[PDB]
Number of protein chains: 2
Amino acid sequence: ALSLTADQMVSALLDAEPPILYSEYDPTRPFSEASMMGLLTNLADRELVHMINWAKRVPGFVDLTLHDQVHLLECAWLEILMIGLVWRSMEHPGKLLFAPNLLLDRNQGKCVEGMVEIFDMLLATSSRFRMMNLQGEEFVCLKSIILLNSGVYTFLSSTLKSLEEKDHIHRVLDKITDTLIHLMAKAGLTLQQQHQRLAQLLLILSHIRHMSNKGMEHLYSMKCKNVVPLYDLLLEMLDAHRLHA
Amino acid sequence: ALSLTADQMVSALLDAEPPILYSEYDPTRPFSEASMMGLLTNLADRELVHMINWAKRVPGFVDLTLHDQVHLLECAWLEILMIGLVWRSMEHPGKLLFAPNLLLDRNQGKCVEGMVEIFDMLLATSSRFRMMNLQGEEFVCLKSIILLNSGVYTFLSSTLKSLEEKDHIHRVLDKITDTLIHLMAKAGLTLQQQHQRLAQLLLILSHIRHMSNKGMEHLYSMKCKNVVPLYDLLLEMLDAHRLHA
Ligand SMILES: C[C@@H]1c2cc(O)ccc2O[C@@H](c2ccc(OCCN3CCCC3)cc2)[C@H]1c1ccc(O)cc1
Ligand SMILES: C[C@@H]1c2cc(O)ccc2O[C@@H](c2ccc(OCCN3CCCC3)cc2)[C@H]1c1ccc(O)cc1
């Protein structure tokens with residue numbers, strides 16, 4: 001990512017994409033019986049496992065310390081789930097594609113107290129992506145920027161090691177910036193359109209932060225799982241051995 | 001802002017800057033006696049009045065409907081206070097310049113339950129601005145983008161009128177983008193450095209959204225004022241007559 005080309009960054013990111021998972025509920029059973037929060041909590045936990053795998057394939061991420069990888073993911077995991085949801089809902093106006101077998105509109109969100117507000121925010125992001133004609137290549141750049149950016153300002157201490165980590169991360173961010181501009185240019189945008197679209201894409205990231213903050217607030221109006229700190233589950237998934245190499 | 005030049009946008013924004021206010025506490029009295037949350041709540045309410053005046057001087061803002069002006073401010077007022085605080089704290093490492101006569105370090109934040117976490121986040125932003133060498137001209141562009149951007153994705157309905165409002169706002173955002181790139185270019189940055197710095201500046205905006213969300217959560221752990229909805233106080237300040245013209 002520091003000597004990788006833009007072309008290389010884009011293909012690495014494309015190659016790293018996690019799979020689209022299915023909701024787990026018996027499709028021969030009614031629907032009034034399923035807990036939607038149970039269905040969504042199960043889905044999200046299964047995605048998180050694959051998120052960890054993806055993150056290790058983002059250029060520059062595994063050159064970070066184990067601790068810093070945990071921090072970044074702990075800060076960004078819900079933004080990352082959310083932009084992935086909005087991305088796969090793009091071609092489904094008025095609907096959120098949680099999974100190919102689980103397509104919800106906003107009235108289905110009303111089923112959960114305070115959840116329709118979140119649904120409306122996600123739907124509105126999906127519509128903006130649609131209106132901008134966001135491309136697959138731009139999406140994977142955006143998802144990787146979220147990974148690297150969301151927690152970079154809140155590393156507590158400032159050891160030599162930590163200062164070096166922050167420099168690296170800003171360097172990778174800079175290369176992902178180069179990559180986004182390179183894509184727009186190949187796509188034929190003018191220099192002017194290039195910076196304008198860069199800004200439009202990056203400002204959306206502040207709306208996705210908003211949604212994650214609001215969702216955490218809403219998630220923390222308990223009904224899901226907070227057992228075992230999130231740091232430690234993440235740390236266990238990231239701190240792998242090399243025995244199955 | 002749609003036929004205004006970049007040079008014109010920057011001078012209008014510079015001209016619109018609100019004043020730096022003083023904290024109101026008797027400087028001949030001890031300090032253990034003052035409520036820091038009382039001191040900070042009073043300050044912030046006084047700034048808000050001047051914020052409204054500023055907002056009406058941002059190019060394109062007063063061409064919006066009264067309703068939309070209220071929505072944007074209601075969404076962005078705390079981000080706007082916060083980036084102004086970080087900006088004036090820039091040259092004061094380890095300190096937050098709430099007012100020229102009210103300079104607090106993080107231990108002074110400990111005085112308020114859960115407040116030191118917020119202080120640490122603001123301080124870290126101030127250090128990033130310092131490290132980037134953020135310039136006065138870039139700051140006023142950033143503050144205006146926050147005004148226009150933070151609430152643009154959450155206008156409920158989509159009347160013809162509302163669709164027209166959103167197009168305009170995105171157009172002004174685009175001109176503020178043009179303006180930021182024009183400043184960096186005059187400053188002698190390379191095309192490459194220009195987009196990289198654009199991205200660095202805009203990604204900071206997602207951290208300021210974070211801080212505002214966290215601060216609202218913290219503010220909502222009551223001790224201040226929630227009397228009278230925020231929409232209505234804003235609406236009263238923005239819905240002015242032209243009698244004192
Ligand atoms: C948009 C969210 C989402 C995104 C996905 O990619 C998949 C499922 C999903 O379901 C909700 C969902 C997401 C995460 C959840 O977390 C459960 C707890 N695990 C513990 C470790 C990782 C999350 C549960 C539901 C949803 C949500 C709904 C209401 C909210 O206030 C916030 C988010
Ligand atoms: C950074 C904030 C700030 C910024 C300023 O420019 C000036 C004062 C100021 O004080 C706090 C402050 C800001 C806004 C406040 O709002 C009081 C209620 N009024 C009602 C209408 C406008 C806000 C009160 C304190 C602070 C804060 C501290 C803890 C938090 O969790 C959040 C913010």
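Each residue's number is its place along the chain shown, starting with 1.
How was it done? The header gives X-ray crystallography, 1.9 Å.
Including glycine, each Cβ sits where the backbone N, Cα and C put it.
Over in Swiss-Prot, the protein carries these features:
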DOMAIN    B:5-241  domain 'NR LBD'
BINDING   B:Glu47, B:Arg88, B:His218  17beta-estradiol binding site
LIPID     B:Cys141  S-palmitoyl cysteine
MOD_RES   B:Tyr231  phosphotyrosine
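Here the features listed in Swiss-Prot are placed on the structure.
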residue: B:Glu47; record: 17beta-estradiol binding site; Cβ neighbours (10 Å): 22
residue: B:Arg88; record: 17beta-estradiol binding site; Cβ neighbours (10 Å): 16
residue: B:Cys141; record: S-palmitoyl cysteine; Cβ neighbours (10 Å): 23
residue: B:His218; record: 17beta-estradiol binding site; Cβ neighbours (10 Å): 16
residue: B:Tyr231; record: phosphotyrosine; Cβ neighbours (10 Å): 13
Checklist entry - Which of these recorded positions (B:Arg88, B:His218, B:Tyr231) have a C-beta closer than 6 Å to some atom of ligand 2? => result B:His218
Checklist entry - Given B:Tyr231 (phosphotyrosine) and B:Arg88 (17beta-estradiol binding site), what distance in Å do their CA atoms have, once rounded to a whole number? => result 28
Item to check | Rounded inter-Cα distance in Å - B:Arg88 (17beta-estradiol binding site), B:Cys141 (S-palmitoyl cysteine) | outcome: 15
Next on the checklist: In whole Å, how far does the CA atom of B:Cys141 (S-palmitoyl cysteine) lie from that of B:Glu47 (17beta-estradiol binding site)?
Outcome noted: 19
Checklist entry - Looking only at B:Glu47, B:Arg88, B:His218, the residues listed as binding 17beta-estradiol, what is the longest Cα to Cα distance in Å? => result 23
